[PDB]
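Accompanying notes for the structure given below.
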Amino acid sequence: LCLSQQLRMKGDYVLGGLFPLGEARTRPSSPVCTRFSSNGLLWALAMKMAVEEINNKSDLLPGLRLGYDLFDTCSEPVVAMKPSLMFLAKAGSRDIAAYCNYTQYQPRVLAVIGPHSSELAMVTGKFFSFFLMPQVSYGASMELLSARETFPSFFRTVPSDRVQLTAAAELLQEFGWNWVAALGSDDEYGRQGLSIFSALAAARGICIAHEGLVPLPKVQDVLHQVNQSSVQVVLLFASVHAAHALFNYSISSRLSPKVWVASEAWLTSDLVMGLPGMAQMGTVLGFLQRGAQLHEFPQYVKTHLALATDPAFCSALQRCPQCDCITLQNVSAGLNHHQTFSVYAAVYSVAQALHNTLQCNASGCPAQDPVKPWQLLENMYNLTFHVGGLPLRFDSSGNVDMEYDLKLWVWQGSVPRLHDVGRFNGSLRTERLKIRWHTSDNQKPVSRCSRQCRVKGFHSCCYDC
Amino acid sequence: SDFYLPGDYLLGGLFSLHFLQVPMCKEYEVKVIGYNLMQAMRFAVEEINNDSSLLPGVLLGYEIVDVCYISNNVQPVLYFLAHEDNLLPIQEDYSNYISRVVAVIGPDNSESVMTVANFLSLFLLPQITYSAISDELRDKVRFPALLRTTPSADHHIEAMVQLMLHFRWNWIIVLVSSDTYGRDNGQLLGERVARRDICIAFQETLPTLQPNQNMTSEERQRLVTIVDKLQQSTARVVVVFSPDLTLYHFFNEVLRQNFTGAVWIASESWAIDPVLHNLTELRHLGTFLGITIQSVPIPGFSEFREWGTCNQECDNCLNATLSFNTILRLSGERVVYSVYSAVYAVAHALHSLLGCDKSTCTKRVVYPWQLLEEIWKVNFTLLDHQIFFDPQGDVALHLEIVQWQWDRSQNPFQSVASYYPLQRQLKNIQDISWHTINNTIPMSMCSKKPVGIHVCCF
Ligand SMILES: *[C@@H]1O[C@H](CO)[C@@H](O)[C@H](O)[C@H]1NC(C)=O
Ligand SMILES: *[C@@H]1O[C@H](CO)[C@@H](O)[C@H](O)[C@H]1NC(C)=O
Ligand SMILES: *[C@@H]1O[C@H](CO)[C@@H](O)[C@H](O)[C@H]1NC(C)=O
Ligand SMILES: *[C@@H]1O[C@H](CO)[C@@H](O)[C@H](O)[C@H]1NC(C)=O
Ligand SMILES: *[C@@H]1O[C@H](CO)[C@@H](O)[C@H](O)[C@H]1NC(C)=O
Ligand SMILES: *[C@@H]1O[C@H](CO)[C@@H](O)[C@H](O)[C@H]1NC(C)=O
Ligand SMILES: *[C@@H]1O[C@H](CO)[C@@H](O)[C@H](O)[C@H]1NC(C)=O
Ligand SMILES: *[C@@H]1O[C@H](CO)[C@@H](O)[C@H](O)[C@H]1NC(C)=O
Ligand SMILES: *[C@@H]1O[C@H](CO)[C@@H](O)[C@H](O)[C@H]1NC(C)=O
Ligand SMILES: *[C@@H]1O[C@H](CO)[C@@H](O)[C@H](O)[C@H]1NC(C)=O
Ligand SMILES: *[C@@H]1O[C@H](CO)[C@@H](O)[C@H](O)[C@H]1NC(C)=O
Ligand SMILES: *[C@@H]1O[C@H](CO)[C@@H](O)[C@H](O)[C@H]1NC(C)=O
Ligand SMILES: *[C@@H]1O[C@H](CO)[C@@H](O)[C@H](O)[C@H]1NC(C)=O
Ligand SMILES: *[C@@H]1O[C@H](CO)[C@@H](O)[C@H](O)[C@H]1NC(C)=O
Ligand SMILES: *[C@@H]1O[C@H](CO)[C@@H](O)[C@H](O)[C@H]1NC(C)=O
């Protein structure tokens, strides 16, 4: 299909890409991923579309071409480290020197559109921070990436987990639920979510009755401890598989309905929405990211896949050997993905930061020596970049800002659907008169403890008067 | 200087001696423990060279680089992996690639070891870490080339639980720190303690507060609330999982608030911490116990220590360790022997790989993956301890519950129990001087029909 041949195009400033194009030792041999992942290719194509339509623009990066180096990084970090080491090699050379600091390097890519994975983002950001290479990531949400002490050059176009956990704590405090149970997946995502929510609850007056980790596919003990407390609201900050395992077990065990606060991982995933019998396990309330979508992206994918088949185009014109032997059917499933806008916005943010750094103007742009990657960091913080007509900004911590929508599962003929019952923009706003609860009538469930009159709670907050 | 000795086979060393501009590690406050461990590694290399039986005719060199706790854990690794011209090639296969160092004695904190191992895994360069106790380092698919000469937090938590069971404490308080170390340690202790009929009254997180700094009022109120919760609670055994730096402010409130009569259990972070025992005012707070490594006396190392590119030099280390010489001498060797045995395990693996015996060796070229292959199978006697690695890259070195007795003329941390990781059983428990009126063992029970979530309470 000559598709993998288009993961590289030269330019005045070449971008870098870390996408999960493929999926899965005694010798130090880099593993090769032969399995094909559709999301990785879709995100690579989103970055490609952003770069090409930036090149088409006249008032953004005038008179200069923008390239990219899309590199397949599996979920493993050992396979992703090699593209990073190639990223930081001197242009035209296959060696990376061992200098005492960043100022002596001349990297071959201006910036890196970092990995989707949060653990991979941690590893590659820790590596890139030595060289002060700007790396803006899509879909890496875990909060500890926001520490400028250890990640001076890590940016992201997705909100961190702290924003949604603050929204959840605000929802608990507004609804009067100050006696709740907090659960998280046993992986790093759930543990970090639990650690953040502990401090948020302690600051907001909420006490956690029980704080457990749900294992990925024990669970009986976790659900028994949850039931031991008179807790009506449970915050489940877990991944899709851990949440699915817990919900399957509690459905099989006929566990009583509860208010479930949903992370963005399983709030919308059809694996848990379509689980039979879930309608009898209480209301699911979650915060879903309020972001835009690439309206012309599916058209772009289909026309690019159609054009890749022409022998003349490829003749005029490996990273992903399995990307050649595919068809439109293998990729049309995830065409309307939200992370495509995140990749597109990351590319646009790097383009705007570069345009500001060179001090280019609409008619033309001044000529000077090429800028090092560390020169972008000054103009990446405190930066306003417009993506699809909607303004976006990078925080002092490298975090982007977007609103959230409070959604609930409304059941109609065993078909759960999301409806807007709130909106978070740093301050929660809800319409509880249109929230349909699971109780006998439409009364909000009561999950409360008395702070003043026997001590109780995981952190010894409440009292049993 | 002492940060480099030319030799036939080099040996990287990473020791913790302490956005546009990068603050070098040399400007931070000097940590004596790192310099002590670095001297331990140098003495081990020197003693290996002295001895004509192990690696005969082969010089063992090293390249020691000052690493920080978090700040710098990248360039050191890039420098070790590069050639003599500070140039590291990028290639898919490293089976025939020769690095400057053949193995590294890795850093001492979990995050630094993870960062170094995530980049050494591409070359399968051996890395033996001392004093790092994360249970996550036991993953040999995530860290194929990572080994360890200390027990993990598994055995530290096991020792704590056995100490609790021996003295019949089933009502304990857990205080963790905000960093990943305290959270992981507290979660592991809780999950282990929940199945041995010991209940946790509550758990709290201490704020991140480095000493010698001005702290805000919110942290002060948090400490006030935590100490008030401690005082109100009926549990009189407190386990603290926090770095050795962040506890000075917290113990001052326990004292300023005058909360007395508790048994404090210390993680390895601050159990043998000499500057923290230097406080000398916590004596009225109860009894202090701590989990750490058994002392292994290295003959000739105390006299060797007393006799003595970038991030590779410190100046205040000698003058800082001069004032701690006598307490370090009396406390023995705990992590020093870990560095010693790491160096000796690497040397024995090199000796086995070269295939020589009491005569000149073959002096062949060595790839670090080959040395990593050969080092899993080392099994030798070093100072009357058997040094061999578990299938998860760990050495079963005996732990020790140690009791803080305030006496400069004796061992400042008196050993009271010995933990054996191989059998996971704590034995040889000696007399403990209790804070009670008649030296009776303190009681930590919530109950002399169930009440509450805890099974221990009724
Ligand atoms: C760029 O403009 C060309 C015409 O100059 C057009 O054919 C192409 O589709 C555009 N590409 C984009 C918008 O990505
Ligand atoms: C859960 O708690 C309820 C209410 O106390 C109780 O009836 C039930 O037996 C408990 N266990 C399960 C498995 O539902
Ligand atoms: C749900 O849990 C039950 C009870 O343990 C088990 O038999 C069943 O296989 C689980 N279902 C799935 C889809 O894993
Ligand atoms: C394309 O789809 C077909 C039909 O499902 C499948 O057999 C093939 O492996 C796919 N190609 C890939 C994954 O590269
Ligand atoms: C814009 O940049 C061009 C090219 O460097 C320069 O000649 C011109 O003066 C700048 N300003 C305007 C207003 O065109
Ligand atoms: C930088 O942030 C400050 C403080 O929020 C703001 O006033 C300023 O406009 C920002 N600068 C930009 C967006 O260029
Ligand atoms: C956030 O939403 C509230 C209403 O919920 C509104 O009054 C406020 O202006 C909004 N803030 C921003 C910064 O948009
Ligand atoms: C980088 O290292 C060089 C080594 O020559 C030194 O001169 C320079 O000051 C360093 N830059 C920093 C620390 O920002
Ligand atoms: C042996 O090691 C000691 C340190 O204990 C050192 O002083 C000495 O030079 C070495 N060689 C001999 C021959 O003693
Ligand atoms: C703040 O720091 C200064 C300077 O070290 C010190 O003298 C003072 O005691 C600290 N605290 C307050 C409350 O000023
Ligand atoms: C103990 O500390 C408390 C709390 O600050 C203080 O009021 C009291 O004077 C101190 N001394 C005694 C002997 O209680
Ligand atoms: C230990 O504490 C004492 C008493 O405050 C102090 O004088 C001494 O400097 C401290 N440090 C040592 C002995 O290293
Ligand atoms: C150590 O302190 C002594 C005085 O006690 C001084 O003479 C010497 O220069 C110091 N050494 C250093 C700062 O390296
Ligand atoms: C190591 O050697 C000792 C002494 O010969 C032996 O008893 C022990 O089984 C060996 N250990 C292993 C793990 O092979
Ligand atoms: C302490 O023990 C001694 C020795 O048996 C006994 O005489 C004394 O009465 C005891 N005191 C208390 C307060 O139990």
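All chain A residue numbers match Swiss-Prot; in order, they span 23-46, 54-246, 255-354, 368-503, 510-521.
Technique stated in the header: electron microscopy, 2.8 Å.
Backbone N, Cα and C atoms are what each Cβ position is placed from, and that goes for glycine too.
As recorded in Swiss-Prot, the features of this protein are as follows:
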- A:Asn85: N-linked glycosylation site (CARBOHYD)
- A:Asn130: N-linked glycosylation site (CARBOHYD)
- A:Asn264: N-linked glycosylation site (CARBOHYD)
- A:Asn285: N-linked glycosylation site (CARBOHYD)
- A:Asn380: N-linked glycosylation site (CARBOHYD)
- A:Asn411: N-linked glycosylation site (CARBOHYD)
- A:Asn432: N-linked glycosylation site (CARBOHYD)
- A:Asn475: N-linked glycosylation site (CARBOHYD)
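Comparing CA positions across the glycosylation sites A:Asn264, A:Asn411, A:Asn432, A:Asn475, the one lying closest to A:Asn380 (N-linked glycosylation site) turns out to be A:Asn475. Listed in sequence order, the residues of the same chain lying 6 or more apart from A:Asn432 (N-linked glycosylation site) and placing their CB within less than 8 Å of its CB are A:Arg443, A:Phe444, A:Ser446. Taking a Cβ cut-off of under 6 Å from any atom of ligand 6, the glycosylation sites A:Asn264, A:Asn380, A:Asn411, A:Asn432, A:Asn475 reduce to A:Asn432. Distance noted between the C-alpha atoms of A:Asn285 (N-linked glycosylation site) and A:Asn411 (N-linked glycosylation site) is 58 Å. Closeness to ligand 5 is met by A:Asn411, these being the glycosylation sites among A:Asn130, A:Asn285, A:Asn380, A:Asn411, A:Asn432, A:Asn475 whose Cβ falls under 6 Å from the molecule. Listed glycosylation sites: A:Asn264, A:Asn475; maximum Cβ neighbour count within 10 Å falls on A:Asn264.
Between A:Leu354 and A:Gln368, the deposited structure omits 13 residues, and the straight-line distance between their CA atoms comes to 15 Å. Candidate glycosylation sites: A:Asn285, A:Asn411. Fewest other C-beta atoms within 10 angstroms, A:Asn411.
For chain B, the nearby glycosylation sites by a Cβ gap under 8 A, listed in sequence order, are A:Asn130, drawn from A:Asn85, A:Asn130, A:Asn380, A:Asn411, A:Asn432, A:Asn475. Sequence-distant neighbours of A:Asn130 (N-linked glycosylation site) (same chain, 6+ residues apart, CB-CB distance under 8 A): none.
Distances between the Cα of A:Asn411 (N-linked glycosylation site) and those of the glycosylation sites A:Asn85, A:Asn264, A:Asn475 are shortest for A:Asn85. Spanning 7 unmodelled residues, the gap from A:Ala46 to A:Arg54 amounts to 14 Å when taken between Cα atoms. For A:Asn85 (N-linked glycosylation site) paired with A:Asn475 (N-linked glycosylation site), the C-alpha to C-alpha distance reads 34 Å. The sparsest Cβ neighbourhood within 10 Å, among the listed glycosylation sites (A:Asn85, A:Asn380), is found at A:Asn85. Spanning 8 unmodelled residues, the straight-line distance from the Cα of A:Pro246 to the Cα of A:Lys255 measures 11 Å. Distance (Cα-Cα) between A:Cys503 and A:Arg510, which enclose 6 unmodelled residues in the deposited structure, is 9 Å. Among the glycosylation sites A:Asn85, A:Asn264, A:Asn285, A:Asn380, A:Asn411, A:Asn475, the residues whose Cβ sits under 6 Å from any atom of ligand 7 are A:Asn475.
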